[PDB]
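What follows is target-v2.txt (compact mmCIF, N, CA and C atoms).
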# COMPACT_ATOMS: atom_id res chain seq x y z
N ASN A 1 60.80 260.21 251.56
CA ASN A 1 62.05 260.87 251.93
C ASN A 1 63.13 259.94 252.46
N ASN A 2 62.72 258.81 253.03
CA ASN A 2 63.66 257.84 253.59
C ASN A 2 64.41 257.03 252.53
N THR A 3 63.70 256.60 251.49
CA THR A 3 64.31 255.83 250.42
C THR A 3 64.95 256.63 249.30
N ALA A 4 64.43 257.82 249.04
CA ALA A 4 64.93 258.60 247.90
C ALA A 4 66.25 259.33 248.04
N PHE A 5 66.65 259.63 249.27
CA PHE A 5 67.87 260.41 249.48
C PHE A 5 68.94 259.69 250.30
N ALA A 6 70.12 259.52 249.72
CA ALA A 6 71.21 258.84 250.40
C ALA A 6 72.34 259.79 250.77
N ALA A 7 72.81 259.69 252.01
CA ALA A 7 73.91 260.53 252.47
C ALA A 7 75.19 260.03 251.81
N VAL A 8 76.23 260.85 251.82
CA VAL A 8 77.51 260.44 251.25
C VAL A 8 77.95 259.19 252.00
N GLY A 9 78.44 258.18 251.29
CA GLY A 9 78.88 256.98 251.98
C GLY A 9 77.79 255.95 252.24
N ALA A 10 76.53 256.34 252.10
CA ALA A 10 75.43 255.39 252.30
C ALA A 10 75.20 254.63 250.99
N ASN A 11 74.51 253.49 251.06
CA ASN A 11 74.23 252.68 249.87
C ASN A 11 73.21 253.40 248.97
N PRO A 12 73.57 253.73 247.71
CA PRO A 12 72.64 254.42 246.81
C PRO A 12 71.66 253.54 246.01
N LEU A 13 71.71 252.23 246.23
CA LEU A 13 70.86 251.29 245.49
C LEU A 13 69.40 251.67 245.23
N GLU A 14 68.69 252.04 246.29
CA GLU A 14 67.26 252.36 246.21
C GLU A 14 66.95 253.84 246.13
N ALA A 15 67.99 254.66 246.20
CA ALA A 15 67.84 256.11 246.20
C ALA A 15 67.78 256.76 244.83
N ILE A 16 67.25 257.97 244.80
CA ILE A 16 67.14 258.75 243.57
C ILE A 16 68.28 259.77 243.52
N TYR A 17 68.58 260.38 244.67
CA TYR A 17 69.66 261.37 244.77
C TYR A 17 70.57 261.05 245.95
N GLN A 18 71.86 261.34 245.80
CA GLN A 18 72.84 261.12 246.86
C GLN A 18 73.78 262.33 246.90
N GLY A 19 74.14 262.75 248.10
CA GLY A 19 75.03 263.90 248.23
C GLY A 19 75.04 264.47 249.63
N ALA A 20 75.93 265.42 249.86
CA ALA A 20 76.07 266.04 251.18
C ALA A 20 74.83 266.81 251.63
N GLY A 21 73.89 267.06 250.72
CA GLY A 21 72.68 267.78 251.10
C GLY A 21 71.48 266.87 251.34
N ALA A 22 71.70 265.56 251.26
CA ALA A 22 70.63 264.56 251.42
C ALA A 22 69.68 264.68 252.61
N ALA A 23 70.23 264.89 253.81
CA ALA A 23 69.40 264.99 255.01
C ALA A 23 68.31 266.04 254.92
N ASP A 24 68.53 267.10 254.14
CA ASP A 24 67.54 268.17 254.01
C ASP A 24 66.72 268.15 252.72
N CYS A 25 66.74 267.02 252.02
CA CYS A 25 65.95 266.88 250.81
C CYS A 25 64.58 266.33 251.18
N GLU A 26 63.57 266.81 250.47
CA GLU A 26 62.20 266.38 250.68
C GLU A 26 61.40 266.37 249.38
N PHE A 27 60.52 265.39 249.23
CA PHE A 27 59.61 265.40 248.09
C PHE A 27 58.61 266.51 248.43
N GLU A 28 58.10 267.21 247.41
CA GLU A 28 57.07 268.22 247.61
C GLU A 28 55.78 267.49 247.22
N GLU A 29 55.89 266.64 246.20
CA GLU A 29 54.75 265.87 245.73
C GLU A 29 55.16 264.83 244.71
N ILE A 30 54.29 263.84 244.53
CA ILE A 30 54.47 262.80 243.53
C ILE A 30 53.09 262.66 242.91
N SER A 31 53.04 262.39 241.62
CA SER A 31 51.76 262.19 240.94
C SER A 31 51.92 260.98 240.04
N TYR A 32 50.85 260.21 239.88
CA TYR A 32 50.90 259.05 238.99
C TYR A 32 49.62 259.02 238.20
N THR A 33 49.71 258.44 237.02
CA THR A 33 48.57 258.25 236.14
C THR A 33 48.79 256.88 235.56
N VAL A 34 47.82 256.00 235.75
CA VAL A 34 47.92 254.64 235.24
C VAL A 34 47.03 254.51 234.02
N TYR A 35 47.61 254.02 232.92
CA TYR A 35 46.88 253.79 231.69
C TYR A 35 46.83 252.28 231.50
N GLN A 36 45.65 251.77 231.17
CA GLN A 36 45.49 250.33 230.99
C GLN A 36 45.40 250.04 229.51
N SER A 37 46.22 249.09 229.05
CA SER A 37 46.25 248.69 227.65
C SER A 37 45.53 247.34 227.54
N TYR A 38 44.52 247.28 226.67
CA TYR A 38 43.78 246.03 226.51
C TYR A 38 43.22 245.88 225.10
N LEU A 39 42.60 244.72 224.85
CA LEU A 39 41.99 244.44 223.56
C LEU A 39 40.49 244.36 223.76
N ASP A 40 39.75 245.13 222.97
CA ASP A 40 38.30 245.18 223.06
C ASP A 40 37.67 244.52 221.83
N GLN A 41 36.36 244.32 221.87
CA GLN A 41 35.64 243.69 220.76
C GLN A 41 36.24 242.33 220.44
N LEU A 42 36.00 242.30 221.17
CA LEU A 42 36.38 241.00 220.62
C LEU A 42 35.17 240.28 220.05
N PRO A 43 35.31 239.72 218.83
CA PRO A 43 34.20 239.01 218.18
C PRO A 43 33.75 237.78 218.96
N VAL A 44 32.43 237.60 219.05
CA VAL A 44 31.85 236.47 219.76
C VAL A 44 31.12 235.57 218.77
N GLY A 45 31.26 234.26 218.95
CA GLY A 45 30.60 233.31 218.06
C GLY A 45 29.89 232.21 218.81
N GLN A 46 29.67 230.90 218.36
CA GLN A 46 28.83 229.95 219.20
C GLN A 46 29.54 229.36 220.39
N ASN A 47 30.79 229.52 220.48
CA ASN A 47 31.60 229.02 221.57
C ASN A 47 32.05 230.17 222.45
N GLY A 48 31.48 231.36 222.48
CA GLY A 48 32.05 232.52 223.13
C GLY A 48 33.00 233.25 222.19
N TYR A 49 34.04 233.85 222.77
CA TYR A 49 35.03 234.58 222.00
C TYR A 49 35.74 233.74 220.94
N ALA B 1 85.44 212.33 206.91
CA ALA B 1 86.52 211.90 207.81
C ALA B 1 87.71 211.27 207.09
N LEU B 2 88.89 211.75 207.43
CA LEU B 2 90.12 211.01 207.11
C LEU B 2 90.90 210.42 208.26
N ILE B 3 91.21 209.15 208.15
CA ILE B 3 92.12 208.51 209.10
C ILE B 3 93.49 208.26 208.47
N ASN B 4 94.57 208.63 209.26
CA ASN B 4 95.89 208.50 208.66
C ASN B 4 96.82 207.58 209.40
N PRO B 5 97.32 206.58 208.79
CA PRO B 5 98.20 205.57 209.35
C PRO B 5 99.59 205.92 209.00
N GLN B 6 100.52 205.88 209.94
CA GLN B 6 100.37 205.46 211.28
C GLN B 6 99.81 206.38 212.33
N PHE B 7 99.44 207.73 212.08
CA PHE B 7 98.85 208.29 213.14
C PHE B 7 97.40 208.07 212.98
N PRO B 8 96.87 207.18 213.60
CA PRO B 8 95.48 206.88 213.50
C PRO B 8 94.67 207.69 214.53
N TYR B 9 93.47 208.05 214.14
CA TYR B 9 92.48 208.65 215.02
C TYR B 9 92.04 207.61 215.97
N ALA B 10 91.97 207.98 217.52
CA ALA B 10 91.80 207.10 218.46
C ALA B 10 90.58 206.39 218.00
N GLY B 11 90.39 205.17 218.36
CA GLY B 11 89.22 204.42 217.96
C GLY B 11 88.06 204.69 218.83
N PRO B 12 87.89 205.70 219.43
CA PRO B 12 86.84 206.06 220.33
C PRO B 12 87.37 207.11 221.11
N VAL B 13 86.50 207.84 221.84
CA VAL B 13 86.68 208.60 223.13
C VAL B 13 86.47 207.43 224.07
N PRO B 14 87.50 207.21 224.89
CA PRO B 14 87.51 206.07 225.80
C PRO B 14 87.08 206.41 227.26
N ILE B 15 87.33 205.44 228.08
CA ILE B 15 86.92 205.34 229.45
C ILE B 15 87.39 206.20 230.46
N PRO B 16 88.23 207.16 230.22
CA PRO B 16 88.88 208.18 230.98
C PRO B 16 87.96 209.38 230.99
N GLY B 17 86.86 209.34 230.41
CA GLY B 17 85.98 210.53 230.48
C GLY B 17 85.47 210.85 231.92
N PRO B 18 85.33 212.16 232.26
CA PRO B 18 84.90 212.69 233.60
C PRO B 18 83.43 212.96 233.59
N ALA B 19 82.67 211.98 234.35
CA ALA B 19 81.21 212.13 234.41
C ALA B 19 81.06 213.28 235.37
N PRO B 20 80.54 214.37 234.95
CA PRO B 20 80.48 215.55 235.80
C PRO B 20 79.31 215.76 236.69
N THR B 21 78.28 215.05 236.42
CA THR B 21 77.07 215.35 237.19
C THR B 21 76.14 214.24 237.03
N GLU B 22 74.96 214.16 238.01
CA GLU B 22 73.95 213.29 237.85
C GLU B 22 72.67 214.08 237.59
N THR B 23 72.81 215.36 237.42
CA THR B 23 71.71 216.30 237.14
C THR B 23 71.24 216.08 235.74
N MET B 24 70.39 215.21 235.61
CA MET B 24 69.88 214.76 234.36
C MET B 24 68.62 214.74 234.31
N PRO B 25 67.92 215.18 235.61
CA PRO B 25 66.49 214.90 235.78
C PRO B 25 65.64 216.12 235.63
N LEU B 26 64.66 215.88 234.86
CA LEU B 26 63.63 216.89 234.62
C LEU B 26 62.48 216.37 235.48
N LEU B 27 62.17 217.20 236.43
CA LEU B 27 61.04 216.73 237.32
C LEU B 27 59.73 217.05 236.60
N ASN B 28 58.88 216.03 236.33
CA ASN B 28 57.59 216.18 235.73
C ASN B 28 56.83 217.22 236.48
N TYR B 29 56.08 217.96 235.73
CA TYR B 29 55.31 219.06 236.27
C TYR B 29 53.95 218.57 236.59
N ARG B 30 53.44 218.81 237.74
CA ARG B 30 52.05 218.38 238.00
C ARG B 30 51.27 219.68 238.29
N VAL B 31 50.09 220.00 237.64
CA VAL B 31 49.42 221.28 237.94
C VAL B 31 47.91 221.27 237.71
N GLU B 32 47.15 222.11 238.35
CA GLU B 32 45.68 222.26 238.16
C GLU B 32 45.41 223.72 237.79
N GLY B 33 44.81 223.97 236.66
CA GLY B 33 44.68 225.36 236.18
C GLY B 33 43.24 225.71 235.91
N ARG B 34 42.83 226.81 236.56
CA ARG B 34 41.44 227.27 236.57
C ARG B 34 41.32 228.75 236.15
N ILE B 35 40.65 228.98 235.02
CA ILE B 35 40.45 230.39 234.48
C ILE B 35 38.94 230.68 234.53
N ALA B 36 38.43 231.00 235.76
CA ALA B 36 36.94 231.11 235.96
C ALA B 36 36.11 232.20 236.32
N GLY B 37 36.39 233.37 236.07
CA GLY B 37 35.87 234.69 236.29
C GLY B 37 34.49 234.69 235.61
N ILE B 38 33.58 235.36 236.19
CA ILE B 38 32.24 235.51 235.65
C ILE B 38 32.36 236.21 234.27
N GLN B 39 31.67 235.68 233.30
CA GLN B 39 31.69 236.32 231.94
C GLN B 39 30.47 237.13 231.76
N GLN B 40 30.30 238.37 231.40
CA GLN B 40 29.01 239.03 231.06
C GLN B 40 28.73 239.06 229.58
N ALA B 41 27.58 238.70 229.19
CA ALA B 41 27.27 238.61 227.70
C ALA B 41 27.29 239.89 227.00
N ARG B 42 28.16 240.62 226.78
CA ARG B 42 28.10 241.85 225.95
C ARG B 42 29.42 242.57 225.98
N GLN B 43 29.71 243.32 224.98
CA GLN B 43 30.94 244.17 224.82
C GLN B 43 30.48 245.45 224.23
N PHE B 44 31.01 246.55 224.54
CA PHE B 44 30.56 247.73 223.86
C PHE B 44 31.44 248.10 222.73
N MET B 45 30.97 248.54 221.57
CA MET B 45 31.84 249.05 220.47
C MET B 45 31.33 250.33 220.02
N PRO B 46 31.97 251.24 219.15
CA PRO B 46 31.53 252.17 218.47
C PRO B 46 30.67 251.60 217.43
N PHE B 47 30.93 250.91 216.60
CA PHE B 47 30.08 250.31 215.64
C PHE B 47 30.44 249.04 215.20
N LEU B 48 29.64 248.06 215.20
CA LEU B 48 29.91 246.78 214.60
C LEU B 48 28.84 246.50 213.60
N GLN B 49 28.87 245.60 212.50
CA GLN B 49 28.00 245.30 211.66
C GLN B 49 27.33 246.32 210.74
N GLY B 50 27.73 247.50 210.66
CA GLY B 50 27.08 248.46 209.73
C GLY B 50 27.77 248.57 208.41
N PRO B 51 27.04 248.72 207.33
CA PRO B 51 27.61 248.92 206.00
C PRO B 51 27.19 250.29 205.48
N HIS B 52 27.89 251.26 205.97
CA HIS B 52 27.56 252.65 205.85
C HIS B 52 27.44 253.15 204.42
N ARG B 53 26.53 254.08 204.22
CA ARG B 53 26.36 254.57 202.84
C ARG B 53 27.51 255.49 202.45
N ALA B 54 28.10 255.25 201.29
CA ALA B 54 29.18 256.10 200.75
C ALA B 54 28.56 257.28 200.00
N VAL B 55 27.42 257.06 199.46
CA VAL B 55 26.65 258.17 198.82
C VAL B 55 25.28 257.70 198.90
N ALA B 56 24.33 258.52 199.13
CA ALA B 56 22.97 258.03 199.03
C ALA B 56 22.47 258.45 197.64
N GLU B 57 21.32 258.00 197.29
CA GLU B 57 20.69 258.44 196.08
C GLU B 57 19.96 259.66 196.52
N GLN B 58 19.48 260.34 195.57
CA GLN B 58 18.55 261.46 195.89
C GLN B 58 17.19 260.80 196.21
N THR B 59 16.46 261.22 197.12
CA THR B 59 15.16 260.72 197.62
C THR B 59 14.14 261.85 197.69
N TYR B 60 12.84 261.53 197.61
CA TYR B 60 11.80 262.58 197.56
C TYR B 60 10.46 262.17 197.99
N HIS B 61 9.48 262.99 198.27
CA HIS B 61 8.07 262.85 198.52
C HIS B 61 7.34 263.56 197.36
N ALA B 62 6.02 263.49 197.27
CA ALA B 62 5.26 264.03 196.17
C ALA B 62 3.88 264.58 196.52
N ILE B 63 3.51 265.62 195.80
CA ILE B 63 2.24 266.29 195.96
C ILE B 63 1.72 266.92 194.69
N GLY B 64 0.48 267.06 194.45
CA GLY B 64 -0.09 267.81 193.44
C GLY B 64 -1.25 268.41 193.80
N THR B 65 -1.85 269.29 193.56
CA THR B 65 -3.10 269.71 193.71
C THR B 65 -3.66 270.81 193.08
N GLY B 66 -4.85 270.83 192.61
CA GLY B 66 -5.44 272.00 192.09
C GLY B 66 -6.59 271.95 191.46
N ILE B 67 -7.17 272.80 190.45
CA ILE B 67 -8.15 272.55 189.65
C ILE B 67 -7.91 272.89 188.20
N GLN B 68 -8.76 272.80 187.36
CA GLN B 68 -8.71 273.04 185.92
C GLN B 68 -9.40 274.35 185.67
N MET B 69 -8.72 275.38 185.52
CA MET B 69 -9.32 276.69 185.29
C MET B 69 -8.65 277.40 184.20
N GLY B 70 -9.29 278.21 183.39
CA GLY B 70 -8.64 279.00 182.29
C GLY B 70 -9.26 280.28 181.66
N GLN B 71 -8.45 281.21 181.24
CA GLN B 71 -8.91 282.49 180.55
C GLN B 71 -8.38 282.25 179.11
N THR B 72 -9.22 282.35 178.08
CA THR B 72 -8.80 282.06 176.64
C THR B 72 -9.27 283.17 175.72
N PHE B 73 -8.52 283.31 174.67
CA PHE B 73 -8.62 284.21 173.47
C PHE B 73 -8.40 283.20 172.28
N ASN B 74 -9.34 283.32 171.27
CA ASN B 74 -9.49 282.52 170.06
C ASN B 74 -9.16 283.37 168.78
N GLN B 75 -8.73 282.56 167.79
CA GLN B 75 -8.46 283.15 166.40
C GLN B 75 -9.89 283.45 165.79
N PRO B 76 -9.83 284.48 165.01
CA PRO B 76 -10.94 284.99 164.30
C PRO B 76 -11.30 283.91 163.21
N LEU B 77 -12.66 284.18 162.87
CA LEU B 77 -13.15 283.38 161.72
C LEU B 77 -12.49 283.72 160.37
N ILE B 78 -12.29 282.91 159.43
CA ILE B 78 -11.67 283.16 158.13
C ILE B 78 -12.49 282.57 157.03
N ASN B 79 -12.33 283.19 155.80
CA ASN B 79 -13.04 282.56 154.62
C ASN B 79 -12.49 281.19 154.37
N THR B 80 -13.36 280.24 154.11
CA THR B 80 -12.94 278.90 153.76
C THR B 80 -12.60 278.82 152.30
N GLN B 81 -11.42 278.36 152.03
CA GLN B 81 -10.84 278.19 150.71
C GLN B 81 -11.65 277.29 149.78
N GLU B 82 -11.51 276.02 149.97
CA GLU B 82 -11.99 275.02 149.03
C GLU B 82 -12.83 274.02 149.78
N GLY B 83 -13.36 273.09 149.03
CA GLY B 83 -14.14 271.97 149.57
C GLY B 83 -15.62 272.33 149.63
Output the file's structure in the form of structure tokens.
Amino acid sequence: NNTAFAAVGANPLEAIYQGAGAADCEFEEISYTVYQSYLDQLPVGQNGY
Amino acid sequence: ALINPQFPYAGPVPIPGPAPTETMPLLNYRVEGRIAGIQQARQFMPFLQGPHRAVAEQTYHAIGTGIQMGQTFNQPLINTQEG
């Protein structure tokens, strides 16, 4: 709530929303899902991969 | 190149040039690099090395069994022609 909402006249650099209603804005929730991208199988021979 | 007399092309860029900097130096890089994480001997795949059948042949097992049994009816006797 501290970084996401900027009051009128405040620096909006790190904020998501700015406006006269900022002081009363609140996140209800945040969710994240991390997906990892990689290469599998890799063929192995007499020197390793 | 064309040179034209009497307006000749200066015979050089001369000594009035403005040396702008001494920043000419590339500092050699000195470094030690180590990529040493424990390696485990195995990887999992869905399938590696298989040469899957596109069609199989028809395949079978075999059996026989029984005995030699029979009910018979014969042709009647006939007059012999010749001989």
Using only N, CA and C atoms, I'd like every residue of chain A that has an atom within 8 Å of chain B; please write them out as a ChimeraX atom specification. /A:40-42
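Straight-line separation from atom CA of residue A:3 to atom CA of residue A:36: 27.6 Å.
For the atom pair formed by atom C of residue A:16 and atom CA of residue A:32, the distance is 18.0 Å, given to one decimal.
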How many Å lie between atom CA of residue B:26 and atom C of residue B:12, rounded to one decimal?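 Separation between atom CA of residue B:26 and atom C of residue B:12: 29.0 Å.
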Quick one: everything within 8 Å of residue A:17, counting all atoms listed in the file, minus sequence neighbours fewer than 6 positions away in the same chain. Send it as a VMD selection string. chain A and resid 3 to 7
Would you output that residue set with N, CA and C atoms, as a PDB file, keeping the file's coordinate frame?
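The resulting file, selection-v3.pdb, is shown below:
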ATOM      1  N   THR A   3      63.700 256.600 251.490  1.00  0.00           N
ATOM      2  CA  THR A   3      64.310 255.830 250.420  1.00  0.00           C
ATOM      3  C   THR A   3      64.950 256.630 249.300  1.00  0.00           C
ATOM      4  N   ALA A   4      64.430 257.820 249.040  1.00  0.00           N
ATOM      5  CA  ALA A   4      64.930 258.600 247.900  1.00  0.00           C
ATOM      6  C   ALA A   4      66.250 259.330 248.040  1.00  0.00           C
ATOM      7  N   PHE A   5      66.650 259.630 249.270  1.00  0.00           N
ATOM      8  CA  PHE A   5      67.870 260.410 249.480  1.00  0.00           C
ATOM      9  C   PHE A   5      68.940 259.690 250.300  1.00  0.00           C
ATOM     10  N   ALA A   6      70.120 259.520 249.720  1.00  0.00           N
ATOM     11  CA  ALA A   6      71.210 258.840 250.400  1.00  0.00           C
ATOM     12  C   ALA A   6      72.340 259.790 250.770  1.00  0.00           C
ATOM     13  N   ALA A   7      72.810 259.690 252.010  1.00  0.00           N
ATOM     14  CA  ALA A   7      73.910 260.530 252.470  1.00  0.00           C
ATOM     15  C   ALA A   7      75.190 260.030 251.810  1.00  0.00           C
TER      16      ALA A   7
END
Write out as an MDAnalysis selection string the set of residues from chain A that DSSP, computed on the backbone, places in strand (DSSP E or B). chainID A and resid 5:6 17:18 45 48
Determine the axis-aligned bounding box of all atoms of stretch 38-52 of chain B present in the file, pad each side by 3 Å, and express its centre and edge lengths in Å to one decimal place as AutoDock Vina command-line options.
--center_x 30.3 --center_y 244.3 --center_z 220.3 --size_x 12.5 --size_y 23.8 --size_z 37.8
